[PDB]
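Scroll down for the structure; my scribbles are underneath it.
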Amino acid sequence: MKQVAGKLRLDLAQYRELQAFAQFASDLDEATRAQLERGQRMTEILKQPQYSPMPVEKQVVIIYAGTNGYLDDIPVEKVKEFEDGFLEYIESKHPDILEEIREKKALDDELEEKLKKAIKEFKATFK
Amino acid sequence: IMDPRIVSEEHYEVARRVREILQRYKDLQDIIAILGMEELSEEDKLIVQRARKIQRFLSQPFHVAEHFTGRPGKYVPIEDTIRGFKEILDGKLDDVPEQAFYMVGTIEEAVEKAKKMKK
Amino acid sequence: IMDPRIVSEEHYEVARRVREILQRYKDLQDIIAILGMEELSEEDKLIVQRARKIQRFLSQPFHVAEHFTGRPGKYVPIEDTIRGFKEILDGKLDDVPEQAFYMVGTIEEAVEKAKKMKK
Amino acid sequence: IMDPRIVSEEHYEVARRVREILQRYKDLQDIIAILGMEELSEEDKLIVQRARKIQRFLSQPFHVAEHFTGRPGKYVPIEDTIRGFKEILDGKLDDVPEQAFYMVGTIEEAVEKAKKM
Amino acid sequence: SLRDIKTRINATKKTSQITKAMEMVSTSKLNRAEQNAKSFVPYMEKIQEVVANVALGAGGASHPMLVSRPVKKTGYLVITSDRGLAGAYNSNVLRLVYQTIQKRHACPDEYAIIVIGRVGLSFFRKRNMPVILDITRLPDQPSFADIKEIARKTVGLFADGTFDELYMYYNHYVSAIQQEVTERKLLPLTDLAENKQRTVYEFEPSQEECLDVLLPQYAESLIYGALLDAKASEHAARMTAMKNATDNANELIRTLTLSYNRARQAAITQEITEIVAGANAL
């Protein structure tokens, strides 16, 4: 969580300041557009229903996917559908990632497997 | 009782959409008094136009209020309340004037009242 | 004493017409504090132009104030105050600058004070 | 104690010039957020560069920090810090990387750190 | 009232953040307007000099657009912004053209008015004045082809002999804080540039037809040049207006905040003293 939440703090902090003024404007600099678009998507990942708490292993996976910016092609209304769809693909890998994230807690070593599954599974199905 | 497990699916959706459009309009109407309505975007103008109509359709003539309203009074069942608010949220009646929702009952009356108003 | 029965009809019209322009300018005051007077158009702009002149023509050099400023003091009769404010309200002195109504007695003094400035 | 009757004339001038440059840079920050660095005037750029280097030269490696970082620690006398900032304000060291002034003590250390790179 | 003043603070806070949004977006648009204008300057220099050199060099004045003529009627071109939050930018160009038409003409039939922008059109629609052209809704970035037909009507009506004198009123961009209300005489070309260095031009095309082609090119270039400066000065004017509006709102927020803190402390000391007075009495 310390490795993943560091990026979340910076992306979310730059969004709290920007939406209060730049929400209505039609054409701005690409940096500001990307900061608003990332902040809108991260503020959809933090929304959650009652009586459905998330295990830490599932939380760090979704936050990692959002922080790195793999949701740039996903509409702001579709982000909630993407959480359940990605966690369904991960159900098949729960035996692998539960033991590795629960025992080793090493997301630095795990980068290659997360990137490979998230990019190939969604790009092959969405194209 | 406003829990997704107790009420119908569309009752829950319509009630949450009404609160979001009116909460957005509440913060935006304050700005319009200093900046003017010409300075805001098309999404804001659309939210203002629909929120005005929604807020007026919440009004109803009571049977006990005949002396204060100059109207007989009306009863609206739950299915008609849900059906009426949904057409306003979906933009079906964007053409109807904002003055055709004061002290009315069912949504069919607003269209008849607009025809009586020659529009 | 500000009742139609006690004061002259000319006095009553001029006094009531003065308070209406001063109240209207106190309503515009909270918005011009942010945007300024560049946004205002037609009658609201003309109302502040006359309200400025009226607010300054209510200032008077006192005889007891000669010890603070080198200006001599003045006594203004009721017929002169009514005539001066009536012409300011009607717009007969719209061409004269607003700085020509500071610490004066009668309306003719504003005409010569403007002529001294040459603006 | 900041008045020139207690602090020396160069101590007052170095402190006033540092505040004036850092205040001017805070103005440019919202302009730098909306527009690019290349568009600024030659004098504006010559103050933005100076301000970033001065802001970094205010930084210092502490002795208590040796448990969290490799930096050993540094004590800088009043006479040495006043001497150091005066050289930076005149632009004598503008042809040096900004990282040479970051987490360093006395001004001679910035010169040797630059020579090492 | 403590509860009432808090609402004024909340309003001023949100509206200040919105005037700041209009300042930042206008700042970005001013840069594009100045960059775009500077990109057309080399083209403007080339096209204006070649038409000017052939119109005044190696020949006398024998064409209706160049030659002085008695004035039967005249036309005026005034350019303004489509939205009103631009500050004194629109009012000052209208002031100068209005006082000028009133100073030398006493009847509406004597002149014709060409206007660009919703506020300029509204100013002529109110009171009572005639208008020959009323263009509005032009894009934020104008191209040479966008105003081509508007310019064609203005130069065409002149070339057809309907107008004998024509003037342009527009704001000129000098600095981010200073913009100047400017006036120019578009036709007839009673004055022209002289480079003092000349080269040969083809003698096959007729003198009248040659001039009839290059005169419209100069008019289209001059009107386009005026729009580039007018859009840049509009964005500069709005940037300064929004900066001042935001500063006025930020000052009002601190003065209201201090008054709220005085009210907060006053309410607490009054409440605690009513409580202690009641407890002492009992």
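In the structure tokens, chains take the letters A, B, ... in the order shown, each chain's residues start at 1, and ligands count up from 1 in the order shown.
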Would you list which chain A residues are within 9 Å of chain D using only C-alpha atoms, as a ChimeraX atom specification?
/A:28-29,32
Following least-squares superposition on chain B, chain C shows a C-alpha RMSD, over all atoms in order, of 0.9 Å
So that I can see what lies close to residue 38 in chain C, please list as a ChimeraX atom specification the residues with an atom at most 10 Å from it, counting only C-alpha atoms and leaving out residues fewer than 3 positions away in the same chain.
/C:32,35,41,45 /E:84-91,241
Contact check, chain E to chain B, at most 8 Å, counting only C-alpha atoms, closest pairs as JSON lines:
```
{"residue": "E:11", "atom": "CA", "partner": "B:30", "partner_atom": "CA", "distance": 6.5}
{"residue": "E:14", "atom": "CA", "partner": "B:31", "partner_atom": "CA", "distance": 7.3}
{"residue": "E:15", "atom": "CA", "partner": "B:31", "partner_atom": "CA", "distance": 5.7}
{"residue": "E:83", "atom": "CA", "partner": "B:38", "partner_atom": "CA", "distance": 7.5}
```
Residue list for chain E near chain A as JSON, numbers by chain, 12 Å, only C-alpha atoms
{"E": [13, 14, 15, 16, 17, 18, 19, 20, 21, 22, 23, 24, 25, 26, 27, 28, 29, 32, 140]}
Separation of CA of residue 79 in chain E from CA of residue 143 in chain E in Å:
15.9 Å
